[PDB]
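Alright, here's a single protein chain in two forms, structure 1 and structure 2, each given by itself as structure tokens.
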Structure 1
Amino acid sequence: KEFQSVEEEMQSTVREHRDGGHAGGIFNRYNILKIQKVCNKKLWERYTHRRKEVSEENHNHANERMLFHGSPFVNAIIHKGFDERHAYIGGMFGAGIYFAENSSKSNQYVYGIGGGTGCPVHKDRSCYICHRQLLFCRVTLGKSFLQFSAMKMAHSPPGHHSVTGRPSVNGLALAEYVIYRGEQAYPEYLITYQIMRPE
């Protein structure tokens, strides 16, 4: 049930990408191989401690969401947690940690920025063979700053706890959520999957 709901979120949030599959590959669905719940007590406590602080600063509301994250460094994240020190000013919203509500958007980052050179074995961004991993995360957004265009931030805007990138004509196709403190996300589920060749 718990894993069926994670599988459903993974499958149902897939969208057709503007890049025609360049970064993440060509697919309409995934072959979900495994869903593992990450139980890291020290990371969970770091997350809940920050979540309580953010709630107190946001009218007793953490504004928590379950969001996807794609990265070549999922193993390091599950053990050491998210780390803003690995985030640099180059992204659309600057030096933050980025999440998506659409699994296929996070899938574009699994092998690096713009999909990098794809899977290590075949150097294929559309590899249907190699097993990929995504995280489905608990993310504390708190008072989230709504933004449409590029705004290179080092930290959350004054009085805020995150940035939400909203879709716009000359901007984003899909939403994205950005935190600037690693302790504001917990890597709750590790999903192992393949993208599937369209029928």
Structure 2
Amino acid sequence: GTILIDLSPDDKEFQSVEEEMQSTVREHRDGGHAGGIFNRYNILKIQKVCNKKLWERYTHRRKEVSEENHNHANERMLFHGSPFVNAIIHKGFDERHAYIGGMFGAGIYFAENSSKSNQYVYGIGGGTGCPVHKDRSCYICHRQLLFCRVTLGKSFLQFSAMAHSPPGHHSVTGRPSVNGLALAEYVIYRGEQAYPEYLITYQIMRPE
């Protein structure tokens, strides 16, 4: 039921999605080990992900959350990197897209920093890198990330350096408490609380 619509680079929607991608790159504490060494991306394609069933599944859960939280879904646009990006766009998020060993327990993780999600494109820790060159810092191979609409509802605040949501909450927020430059990361425990809105195809660029 999924169709992918390509956006033109001339489209305001392509440009605002690209700007979010580029402007939320940061340096990582692993020196580039997991995701590669880069300061920016070469955006090759941005597609809108259109699936009626998956969308209705998302808005149904969004209304439930809203009604449990004074009519406030607390919806964000957040990045997601995964070796399962092609299954996610066809079948939706589900407990197979969960990071079992994540710091906030087994859930589905999203990041404000695109470069954080980039670290998971080839698996946890960057796995063994790109399939072709076995390089976590490959500048040749095409990578994909999702830019997703995510319902956080009442989010449990975790200050720090599938399971259930903490009682009385719909998500967890991981607040960075050491690295002054890191943006927040978020965890949901229900696949229905995220919709994979954009598929972004890109390369990491080698610094000059």
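Start at 1 and count along the sequence of structure 1; that gives the residue numbers used here. Under this definition, the rigid core comprises the largest set of C-alpha atoms superposing within 1.5 Å between the forms.
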- Among 130, 32, 66, 173, the C-alpha that moves by 2 angstroms or more between the two structures, rigid core fixed, is that of 173
- Item | Post core alignment: residue 78 C-alpha displaced by 2 Å or more between the two structures | no
- Exceeds or equals 2 Å, Cα of residue 89 between the two structures, core fit: yes
